[PDB]
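One structure below.
Here the Cβ positions follow ideal geometry from the backbone for every residue, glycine too, while neighbour counts run over all protein chains shown. What is reported rests on the model, the rules as stated and the sources as named; these are not laboratory values.
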């Protein structure tokens, strides 16, 4: 009741996403929802729609991060160039803090993840860190150590710079630059 046909669209994307990709959805919507969603991930999009915070464009952005060009053309009928135009204005449904982290992990390869860890041990001092854990996992892991903050990353930029990833460093600057303005002195 009130599920509308939009429920089906939501259901189709959940099935299409891999068990590995669905993790990104929770992470990205983690800020929006305190993981209040039951064990089933399908329910995650259900609560977003109810909140009315689920934008058609937002789904396209979410599909892009998981590197799914086929899904964009299948569900939202959006081509790859559409993503650049969409991101041209740099619009974000939720704080770019979560999206930035997901995007950064996407750009980094498996090899880079292992390399990034070596740098982390030097400052972490051999904390809870394993090569098995993905980049996304590493982001939340640092939160526990409070080595990074929403308005202060610093460490992230340094480690990425060492990996000779200037492009990633540039994206972080945009986030920090757009972190504050008239909102608070």
Is it the case, given these coordinates, that residue 45 is surrounded by 12 or more Cβ atoms within 10 Å (Cβ to Cβ), part of a helix (DSSP H, G or I) and in contact with a helix residue (DSSP H, G or I) (Cβ under 7 Å, 6 or more places away or on another chain)?
yes
Within the set of pairs 6+ apart or on separate chains, which have a first residue in segment 166-185 that is without any contact (Cβ under 8 Å) to a residue 60 or more places away in the chain and outside the structural domain of residue 156 (by CATH), a second that is surrounded by fewer than 10 Cβ atoms within 10 Å (Cβ to Cβ) and assigned to a helix (DSSP H, G or I), and C-beta atoms under 9 Å apart?
none
Restricting to segment 48-70, name every residue that is outside any helix (DSSP H, G or I) and closer than 17 Å to residue 7 by Cα.
52, 53, 54, 55
Residue satisfying condition, being over 21 Å from residue 167 (Cβ atoms) and part of a loop (DSSP other than H, G, I, E, B), within set 73, 121, 128:
128
Please work out if residue 37 is more than 15 Å from the chain's Cα centre (by Cα) and in a loop (DSSP other than H, G, I, E, B).
yes
Name every residue in segment 95-118 that is in contact (Cβ under 8 Å) with a residue 40 or more places away in the chain, surrounded by fewer than 16 Cβ atoms within 10 Å (Cβ to Cβ) and part of a loop (DSSP other than H, G, I, E, B), in order of residue number.
95
Determine whether residue 72 is over 20 Å from residue 23 (Cα atoms) and not assigned by CATH to the domain that holds residue 156.
no
